[PDB]
2 protein chains.
Amino acid sequence: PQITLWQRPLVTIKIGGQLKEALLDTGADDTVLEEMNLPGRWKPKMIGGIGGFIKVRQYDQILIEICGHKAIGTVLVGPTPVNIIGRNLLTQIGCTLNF
Amino acid sequence: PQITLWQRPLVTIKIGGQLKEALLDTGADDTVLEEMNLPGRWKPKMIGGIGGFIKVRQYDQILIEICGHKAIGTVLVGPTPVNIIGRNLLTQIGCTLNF
Ligand SMILES: CC(C)CN(C[C@@H](O)[C@H](Cc1cc(F)cc(F)c1)NC(=O)O[C@H]1[C@H]2CO[C@H]3OC[C@@H]1[C@H]3C2)S(=O)(=O)c1ccc2nc(NC(C)C)oc2c1
């Protein structure tokens, strides 16, 4: 699809057998999801944003369906206020900005 | 232009007579710039993001040139780690996501 930006660019994702909404976020390098149950091993990480830093769990080679498109990559899980799809996954679904 | 997302979507802006780089950020509702000298009245505001909240100065009807396109709107100035162009200005320059 083409998505205009009059409203937040929210999409449906499926990850770890669960359905969620997430924000298509060109300002995010990495993908950050709110606390959820994901299987397997993970590595501690801290990431920074507008108000300071959070500790996240890093999960690698995680399958995610983003608006009907499949991608595999790194997902960070932790206290983000909103689920964020970052450029690591936006590049895999062929997402571009146009003006 | 069309912009792919293999690198951060940085653009040149001109604001308050000054040249800066800023991130085209679909995950940002509002436009947040690092401390800079802007003329005129402003209103205190606090905004939230991944790591907590910052206090910003809100400036209204501010002219900004974003990659050659002119827009007028609200700009928040404060301790953001990076200059962010949010949807309030992305809608004015006709910016869309496509996949
Ligand atoms: C500051 C930006 C450069 C990076 N951020 C992405 C930005 O799009 C971020 C996404 C976001 C986070 C959040 F907690 C709540 C939201 F509603 C929206 N937006 C953001 O700070 O915007 C703030 C401000 C903008 O106006 C309004 O719209 C949303 C609120 C609010 C104030 S980030 O902090 O969430 C972020 C996300 C993914 C990242 N991956 C990394 N990876 C490496 C570099 C560590 O860093 C990340 C940093």
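Only the coordinates and a few stated rules stand behind these numbers; no lab work does. Every residue, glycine among them, receives a Cβ derived from its backbone with ideal geometry; neighbour counts consider all protein chains shown.
Test B:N83 against the stated conditions and say whether it is out of contact with any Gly (no Cβ under 8 Å at 6 or more places or on another chain), within 14 Å of chain A (Cβ to nearest Cβ), surrounded by 15 or more Cβ atoms within 10 Å (Cβ to Cβ) and not basic (K, R).
Here the answer is yes, as B:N83 does meet what is asked.
Return yes when B:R87 is more than 12 Å from the ligand (Cβ to nearest atom) and closer than 26 Å to A:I47 by Cα and no when it is not.
no
In region B:41-59, how many are buried (at least 18 other Cβ atoms within 10 Å of the Cβ), away from the ligand (no atom under 13 Å from the Cβ) and hydrophobic (A, V, I, L, M, F, W, C)?
Here the count works out to 0.
Pull up region A:7-25, narrow it to residues that are assigned to a loop (DSSP other than H, G, I, E, B) and under 15 Å from B:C95 (Cβ atoms), then point me to the one that is nearest to the other protein chains (Cβ to nearest Cβ).
Checked region A:7-25; the qualifying residue nearest to the other protein chains (Cβ to nearest Cβ) is A:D25.
Condition first: within 18 Å of B:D25 (Cβ to Cβ), part of a strand (DSSP E or B) and either free of Cβ contacts under 8 Å to residues at least 12 places away in the same chain or more than 14 Å from the ligand (Cβ to nearest atom) (or both). Now tell me which residues in region B:60-82 satisfy that.
Matches in region B:60-82: B:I62, B:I64, B:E65, B:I66, B:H69, B:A71.
Which of the residues belonging to region A:86-99 are part of a helix (DSSP H, G or I) and more than 7 Å from chain B (Cβ to nearest Cβ)?
A:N88, A:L89
Condition first: facing chain A (nearest Cβ under 8 Å) and among the aliphatic types (A, V, I, L, M). Now tell me which residues in region B:47-80 satisfy that.
B:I47, B:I50, B:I54
Would you mind stating whether A:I72 is of a type outside the set (S, T, Y) and more than 26 Å from B:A22 (Cβ to Cβ)?
So A:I72 fits the description; yes.
Considering only region B:26-46, state which residues are part of a strand (DSSP E or B) and either more than 22 Å from B:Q92 (Cα to Cα) or away from every other protein chain (no Cβ under 14 Å) (or both).
Hits for region B:26-46 are B:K43, B:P44, B:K45, B:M46.
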